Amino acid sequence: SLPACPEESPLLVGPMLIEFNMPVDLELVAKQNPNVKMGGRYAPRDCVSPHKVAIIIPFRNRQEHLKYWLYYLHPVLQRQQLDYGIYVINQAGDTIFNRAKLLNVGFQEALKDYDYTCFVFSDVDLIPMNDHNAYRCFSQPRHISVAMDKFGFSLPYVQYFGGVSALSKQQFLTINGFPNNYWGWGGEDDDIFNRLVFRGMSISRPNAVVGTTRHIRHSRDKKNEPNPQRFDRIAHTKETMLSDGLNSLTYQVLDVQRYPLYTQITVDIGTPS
C-alpha cells in the first residue's frame, strides 16, 4: 500500500560539517540511529524506495576510520530514503591487499542477502560533505567522490573514478565486474573506468560543490604497496576484462558477523596466481 518515495528526498539539508578529531562510540551511534536494523539495514517506513542499495567497503585494519564512516553515513543514507545495507569486506590474513577483489566478493555476497539492484563501492575513509550527493545508481555508472579535499576539491584527472562510485547490478554485470589481479595499491579503479568505456558507458557525476568529500588523513598501510605492474595492466583492460572478473572469481568466506550497524564478511581471497 505504501506509495513510492519522491524522486528526490525532501529530507536533505545540504552542506554538513565533518570532523574527525573526536572519539566515536558505535553503541551510541546505534542509539542515535534506532531505525537501522541488525546488520546495518534500513528502508524507509513511509514510502517505497526504488533504490535497493548494497554499500560495499573494502577493508582491513581500519576500524577507527570505519567508526567515523558509520557515524556520518548512516544519518545521510536514511535522509536519502534508500532501501540499503552496509557490507564491510574484511580481508583475512596479512598478505598483500586486493581492493577490487574484495569489492567483487561484496557484490556476490550481498546478493545472497537481498535483491539489491544497486551497488555503492566506497573506500572506508571518504565522507560526503553534502547529502545531496546521492549514494545510489543512475542510468550511467556514477562517480560520487568527485571533489575530495586531498585533491584540492576537484578531480585529480578527468578520468579518475576512484574513491566512491555506484554501479547498478546491470552495469556491474556488463563489465564482468572488477579485475581480480590488481594486488597492492593503484590502477584497479582506472581499469574499472576502462571497462565502463569499453562497454559503451560514460561517467555520471554530481557537480563539484555537491560532490565535495572529505578524506580522513592517514599514513601508509603495510601490505598495500604501489603495484609496479599497474601501468601495464591498465593498458590491456579491453582484452583482460573478457576473462578476469566475476567470471574468474573464487574466494572462501571465513566468517559473517551481523553487527548493529553493518555486516562484516571476513574472507580469504588468497594471493597472486
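Only the largest set of C-alpha atoms that superpose within 1.5 Å between the two forms is called the rigid core. Numbering starts at 1 and follows the sequence shown.
Averaged over structures and residues, the CA distance from the shown form in 6 other deposited structures of this protein after a core fit is larger for 231 to 239, of the two stretches 51 to 59 and 231 to 239. Superposing each structure in 6 other deposited structures of this protein on the rigid core shows that the farther-lying of 118 to 126 and 181 to 189, by root-mean-square Cα distance, is 181 to 189. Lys222, though modelled here, lacks coordinates in at least a third of the other entries of this protein that were compared and that model residues flanking it.
Looking at 47 to 55 and 213 to 221 together, the entry lists the larger mean B-factor for 213 to 221, computed on C-alpha atoms. The mean C-alpha temperature factor is higher for 29 to 37 when 29 to 37 and 200 to 208 are set side by side.
Per the deposited record, the Cα B-factor of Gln264 falls in the middle third when ranked against the other modelled residues of its chain.
Among all modelled residues in its chain, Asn21 ranks in the highest third by Cα B-factor.
In the deposited entry, the Cα temperature factor of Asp83 sits in the bottom third of values across the chain's modelled residues. Among all modelled residues in its chain, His143 ranks in the lowest third by Cα B-factor.
Per the deposited record, the Cα B-factor of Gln91 falls in the middle third when ranked against the other modelled residues of its chain.
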